[PDB]
């Protein structure tokens, strides 16, 4: 009952971190709208969790997002929290292998999709004194190799979170982001599968953290519920969920 009576939209909530965030909010008492461009995971999640419903939505399509917000209000009558989790990490790419075209397409998902849903949701979040939670990445803050477009998109998300927090503070709407490090998700597994030695890639990813393991979607989910339900004096913060990967010296 930490977030009972509240309505939450989670983009990319069909699998991975997003699904962990969906489950955490449902466990907190909220009703959750699962937004995803793929039907498979989200539809099954809606059958599994009472209180969660699935709405097909590609956050890069402005009309999809308009319909997502209006359907959320029509079906549930309020909107308290938007979790902008939809995003993608391309396979490793040397800077000379990247293109302005691919960069624009990644900006469209990782940054403008977050911008568009937030914009459409804010009138309702103002009515509810709701809040926005953006899922950025640690590599937005510290960089990463062979990921220039991805890193740039998460740098923008983290900075945009702070700008929006300033604009919305007079209306009592908080805007925060979570920066996960290595979290074991289908995306991580897919990316590891492309490497010459997948098992070696995964063990390298585990040892990137002083804790010696990757994180779980449920741990990102707990951080999100905290920001929504108990962080009333937090706005514009970047909550690190990284297992300490940013600490100390390492083999670079």
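Numbering follows the first chain given and starts at 1.
Asks: Looking at the entry, does 76-84 or 95-103 show the higher mean C-alpha B-factor?
Replies: If you average the C-alpha B-factors of 76-84 and of 95-103, the larger mean comes out for 95-103.
Asks: For the higher mean C-alpha B factor in the entry, choose 220-228 or 59-67.
Replies: Averaging CA B-factors over each stretch, the winner is 59-67.
Asks: Quick one: which of 32, 193, 183, 35 shows the highest Cα temperature factor in the PDB entry?
Replies: Highest C-alpha B-factor among the listed options: 193.
Asks: In this PDB entry, which of 145, 175, 178, 152 has the top CA B-factor?
Replies: Answer for 145, 175, 178, 152: 145, with the highest C-alpha B-factor.
Asks: Grab the CA temperature factor for residue 119 from the record and place it in the lowest, middle or highest third of its chain.
Replies: Answer is middle: the recorded C-alpha B-factor places it there.
Asks: Split into thirds by Cα B-factor across the chain's modelled residues, where does residue 245 land: lowest, middle or highest?
Replies: According to the entry, residue 245 has a C-alpha B-factor in the chain's lowest third.
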